[PDB]
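Q: Fold the following, please.
(chains A, B and C)
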Amino acid sequence: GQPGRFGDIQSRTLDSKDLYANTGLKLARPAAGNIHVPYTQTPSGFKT
Amino acid sequence: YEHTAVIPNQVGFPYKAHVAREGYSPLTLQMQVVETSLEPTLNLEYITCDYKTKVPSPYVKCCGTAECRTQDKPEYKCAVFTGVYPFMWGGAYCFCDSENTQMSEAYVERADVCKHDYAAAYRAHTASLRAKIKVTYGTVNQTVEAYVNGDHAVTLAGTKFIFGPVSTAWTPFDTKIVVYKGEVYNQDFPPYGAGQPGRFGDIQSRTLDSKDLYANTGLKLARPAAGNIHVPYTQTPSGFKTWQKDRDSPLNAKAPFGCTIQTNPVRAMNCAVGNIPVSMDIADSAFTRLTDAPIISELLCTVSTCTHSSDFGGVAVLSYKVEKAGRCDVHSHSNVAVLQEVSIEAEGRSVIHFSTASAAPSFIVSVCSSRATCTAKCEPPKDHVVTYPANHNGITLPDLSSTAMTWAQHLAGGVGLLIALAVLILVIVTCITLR
Amino acid sequence: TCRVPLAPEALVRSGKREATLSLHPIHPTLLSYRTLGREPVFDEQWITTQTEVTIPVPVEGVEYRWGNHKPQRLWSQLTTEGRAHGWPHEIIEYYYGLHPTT
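A: Residues are numbered from 1 along each chain as shown, chains lettered A, B, ... in the order given. Take a look:
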């Protein structure tokens, strides 16, 4: 499942322990003089 | 020793040339441009900015009529109205009921934000351009900025570079431009004092201090209401702030050759057209005479791999018998394939990279003063889109002896042949019919 | 100074002689594209919902700009479809993918 369209998170029978997820996480540089965690992501595929 | 050459004006591209003096070992220079500005000449003609009106406090005096006076200010209009009977807050104002008269005036001036916000006009002329060139050879990396009109020399360690004037000096501008805050447009603005109301150029001024205006927005004065105190007022709305929402597409999106703009002084950068000539006055302490010049003979070149493609995708080896270690220099003497490295190493076998946009190349290469040839056959790559350009001249022409047109001489010679038995078997009876 | 939202990433896909796009906007954005020849084509238009649009791309180069990003240049590479040696039925059409006028 390429990111964005349907079938972006898979699983077989719905209990647990196995996933598949490729949404393109990358980590960015924090600001000059603050404390936060930056974060970048193509938005979700189910609720689009 | 002096020399001349030409180099292509395109950012990030290798080019190289020689001297071959006499006696001494050869020497190979490479020239590479990193930046190219461009700059026209300007002279201001007027500006424009937003305006604001003033209506200073109308005048009543009752049972006594009027007269207003004229005065010097742009677009002053006074009026006079008879039979007015106001009715102010506390009660009725004054009681000389029939014979009352009232005057009104107003004018137009520039706003308070003109000295941060304006939009000026200009005019263009002939332009000059300047470049920054990285030149390397011998044992030295150097870069140098230079004017391009043919008068400005510059000094490296003993040497003189002066550059040829231009190929041609056209520009991506025409004679009238208008500049507003970081992008330039291309209009045709009204001359002076003829701005009809509503469109651009409704308020003019020369150099932006004060004392002179031009303003024709059609002020008219109207009759006040029945029993109030105000000043009526009618006007076609302003011309500046009806331009900066319904505008155009700017010139940073229809520029011809990738020619990008940014302007506190107006420029046009990395603009990629044409050739620039170069000439050379070379010093003498940057050669090698013969003492550390190695002698190399029986050179033989082969090939193993090629693509077209867009980078250094052709490899070749070299074979030669040595007598002394050192460092020689390499070059390919034709325009169909450019090499990569500027100096091979000494003893043994050594490889060279090259690129060529053709099906079957053949050229002659010479690590030092002995010469050799080596040719190859090639095949296309499996891709369609690259991210980095143009590491070859761009000439895809056939050779004089390929698989492709070895087919050509057989057909043309074959069709050349069968007329040849036809031509003489005509003639051999053409004599005997004059018996 | 002042801060700006920075709309998300646009991922690119290739095809022979033309590159296509795919977009995923949160809230409205802008496109544009030049062509680096002598006469451009310079079409540009606002988008609101997720679609796809195609560009052309010649052998000289084009470049786009999506949102508040510094631009990305994009050329095209010399590719054919046939071989380069063999029977002469094949060699003539090998050039036809390259200079199809002459």
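
Q: in terms of contact, does residue C:20 touch residue C:52 like I think?
A: Yes: at 6.4 Å, residue C:20 and residue C:52 qualify as touching, with contact defined as C-beta atoms under 8 Å. No exception for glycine: its C-beta is placed from N, CA and C like everyone else's.

Q: Pull up the gap between the residue lying farthest from the centre of chain A and chain C, please.
A: For chain A, the residue at maximal distance from the C-alpha centroid (C-alpha atoms, centre = their mean) is residue A:33, at 27.1 Å. Distance of residue A:33 to chain C, computed by C-beta to the nearest C-beta, to the nearest Å: 15 Å.

Q: And chain B, is stretch C:92-102 touching that?
A: Yes: counting by C-beta under 8 Å from any C-beta of the partner chain, chain B has neighbours in stretch C:92-102: residue C:98.

Q: Report the buried residues of that stretch.
A: C:94, C:95 (16 or more other C-beta atoms under 10 Å in any protein chain shown).

Q: on that earlier part again, next, the contact list for the residue farthest from the centre of chain A, please.
A: Listed by C-beta atoms under 8 Å, 6 or more residues apart in numbering or on different chains, the contact set of residue A:33 is empty.

Q: near chain C, which residues of chain A show up?
A: Checking chain A against chain C by C-beta under 8 Å from any C-beta, the hits are A:3, A:4, A:24, A:40, A:41, A:42, A:43, A:48.

Q: Most neighbours among those residues, which one?
A: Sorting the residues of chain A next to chain C by how many neighbours each has (other C-beta atoms under 10 Å in any protein chain shown) puts residue A:4 first, at 20 neighbours.

Q: check contacts around whichever residue of chain A sits closest to chain B.
A: Nearest residue of chain A to chain B: residue A:2, at 17.9 Å (C-beta to the nearest C-beta). Contacts of residue A:2 were listed using C-beta under 8 Å, 6+ apart, and they are residue A:22.

Q: all strands of the chain, in order?
A: Reading this off chain A. A:9-10, A:20-21 (DSSP state E).

Q: that answer is for a different chain, and I need it for chain C
A: Counting by DSSP E, the strands of chain C are C:11-15, C:18-22, C:29-30, C:33-35, C:46-47, C:62-64, C:72-74.

Q: closest one to residue C:87 among the ones you listed?
A: Of all these, strand C:11-15 sits nearest to residue C:87, with 28.8 Å by C-beta to C-beta.

Q: ok, residues contacting the closest one?
A: A:3, B:384, B:385, C:19, C:20, C:21, C:22, C:74.

Q: As a markdown table, those with distance to residue C:80 would be great.
A: Formatted as a markdown table, the contacts of strand C:11-15 follow (distance: C-beta to C-beta, whole Å):
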| residue | distance to residue C:80 |
| --- | --- |
| A:3 | 33 |
| B:384 | 11 |
| B:385 | 15 |
| C:19 | 18 |
| C:20 | 21 |
| C:21 | 25 |
| C:22 | 28 |
| C:74 | 20 |
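
Q: Show me which pair in those residues is furthest apart.
A: A:3 and B:384 (22.7 Å).

Q: what residue lies at the spatial centre of the chain?
A: With no chain named, the answer covers chain A. Chain A, centroid-nearest residue using C-alpha atoms, centre = their mean: residue A:23 at 4.3 Å.

Q: Chain C is the one I meant
A: residue C:19 (3.9 Å).

Q: quick one: that one from chain B, how far?
A: In this structure, residue C:19 lies at 6 Å from chain B, with C-beta to the nearest C-beta as the measure.

Q: Name the residues of chain C found near chain A, please.
A: Applying C-beta under 8 Å from any C-beta, one finds that chain C approaches chain A through C:8, C:9, C:11, C:22, C:24, C:26, C:50.

Q: give me the number of residues near residue A:36?
A: 7.

Q: about what we covered before: quickly compare the strands of chain A and say which is most buried.
A: strand A:9-10 (a mean of 12; mean count of other C-beta atoms under 10 Å in any protein chain shown).

Q: how far is it from where the chain is centred?
A: The chain centroid and the centroid of strand A:9-10 are separated by 11 Å, computed with C-alpha atoms, centre = their mean, to the nearest Å.

Q: Also stretch C:52-70?
A: 5 Å.

Q: Would you mind listing the buried residues in it?
A: C:55, C:57, C:61, C:62, C:63, C:64, C:65, C:66, C:67.

Q: Just give me the neighbour total for residue C:78.
A: Using other C-beta under 10 Å, residue C:78 has 19 neighbouring residues.

Q: if we can go back for a sec, kindly list the main-chain dihedrals of the residue nearest to the centre of chain A?
A: Residue A:23 adopts backbone torsions of phi -110, psi 0, taken as degrees, to the nearest 10.

Q: From residue A:48, how far off is the nearest residue to it once chain neighbours are set aside?
A: Among residues not flanking residue A:23 along the chain, residue A:3 sits closest, at 5.2 Å (C-beta to C-beta, 6 or more residues apart in numbering or on different chains). Separation of residue A:3 from residue A:48 (C-beta to C-beta, to the nearest Å): 11 Å.

Q: Contacts only, for residue A:24.
A: Contacts of residue A:24 (C-beta under 8 Å, 6+ apart): A:3, A:41, A:42, C:9.

Q: show me where chain C has helices.
A: Here chain C has its helices, by DSSP state H, at C:88-96.

Q: Need the residue in it that's farthest from the chain's center.
A: By C-alpha atoms, centre = their mean, chain C has its most distant residue from the centre at residue C:87, 34.6 Å.

Q: that older thread, so the residue nearest to residue A:23 versus residue A:45, what's the distance?
A: 7 Å.

Q: How about residue C:66: what's its closest non-neighbour residue?
A: residue C:10 (4.7 Å).

Q: how about the one you found, what does it touch?
A: Contacts of residue C:10 (C-beta under 8 Å, 6+ apart): C:21, C:22, C:23, C:24, C:66.

Q: so the residue nearest to the centre of chain C touches residue C:74, yeah?
A: Yes: using C-beta under 8 Å, residue C:19 is in contact with residue C:74, at 6.5 Å.

Q: Need phi/psi at residue 3.
A: Looking at chain A here, since you left the chain open. phi -70, psi 140.

Q: so it touches residue A:43, yeah?
A: No: Residue A:3 is not in contact with residue A:43 according to C-beta under 8 Å; the separation is 9.4 Å.

Q: And for residue 8, the neighbour number?
A: Looking at chain A here, since you left the chain open. Quick note: residue A:8 (other C-beta under 10 Å) scores 18 neighbours.

Q: that's the other chain; I wanted chain C
A: Neighbours of residue C:8 using other C-beta under 10 Å come to 19.

Q: my guess is it contacts residue A:43, does it?
A: Yes: between residue C:8 and residue A:43 there is a contact at 6.7 Å, judged by C-beta under 8 Å.

Q: Spit out the residues that contact the two alike.
A: C:24, C:26.

Q: correct me, but residue C:40 touches residue C:34?
A: Yes: using C-beta under 8 Å, residue C:40 is in contact with residue C:34, at 5.3 Å.

Q: So for these two, which sits in the more crowded spot?
A: Neighbours were counted for residue C:40 and for residue C:34 using other C-beta under 10 Å; residue C:34 has more, 24 against 17.
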